[PDB]
Amino acid sequence: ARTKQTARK
Amino acid sequence: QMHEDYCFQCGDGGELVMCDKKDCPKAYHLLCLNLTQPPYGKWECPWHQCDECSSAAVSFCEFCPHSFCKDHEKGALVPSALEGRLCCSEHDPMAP
Ligand SMILES: [Zn+2]
Ligand SMILES: [Zn+2]
Ligand SMILES: [Zn+2]
Ligand SMILES: [Zn+2]
C-alpha cells in the first residue's frame with residue numbers, strides 16, 4: 001500500500 | 001486516484017496509508033489501524049469489511065470506518081443532519 005505525509009491539525 | 005489528506009479513523013493528518021480499493025478515497029494512520037508498519041502490496045481498508053460478520057460491507061458510515069453487509073445494515077445506519085449522510089451509532093445524528 002502507498003503512503004503520504006500530510007499536515008497534522 | 002483521489003484520497004483524503006486526513007485519517008478516516010481519527011480525523012488528523014500525518015503519515016497516512018491509502019486504500020487501494022477502486023475509487024475508495026480513505027486514508028489512515030498505521031496506529032489507527034492497530035498496525036505498526038504499512039501493509040505490503042494491494043490493500044483494502046477496513047471500510048470494506050462488515051462490522052458484525054466476515055462478509056464484505058455494502059452500506060457505509062460516512063463519518064468513520066464502521067460499515068455493514070446486507071444482513072447487518074438495517075438499523076445500523078441512519079441519515080444524519082449533514083445532507084442525509086449515513087452515520088453509525090457512534091455519532092450524534094444531529095451533529096455527526
Ligand atoms: Zn488516525
Ligand atoms: Zn477503502
Ligand atoms: Zn455482516
Ligand atoms: Zn461511524
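The analysis underlying the following values was restricted to heavy atoms, covering all of them including side chains, and did not include hydrogens, waters or symmetry mates. Numbered from 1 within each chain, the chains take letters A, B, ... in sequence-line order.
With respect to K4(A) and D5(B), a salt bridge is recorded, a charged nitrogen being found less than 4.0 Å from a carboxylate O.
Contact of the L16(B) side chain with the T6(A) side chain is registered, since non-hydrogen atoms from C-beta on lie closer than 4.5 Å.
When the candidates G14(B), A27(B), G13(B) are compared by the number of heavy-atom contacts under 4.5 Å with chain A, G14(B) comes out ahead.
By the neighbour-count criterion of 12 heavy atoms within 6.0 Å, atom CD of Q5(A) is densely surrounded, having more than that number from other residues, nucleotides or ligands.
In this structure, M18(B) and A1(A) approach most closely via the heavy-atom pair O-CB, 4.1 Å.
Atom SG of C19(B) sits about 12.0 Å away from atom CZ of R2(A), to the nearest 0.5 Å.
Listed by sequence position, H29(B), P38(B), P39(B), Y40(B), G41(B), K42(B), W43(B) are the residues of residues 28-64 of chain B in contact with chain A, using a 4.5 angstrom heavy-atom cutoff.
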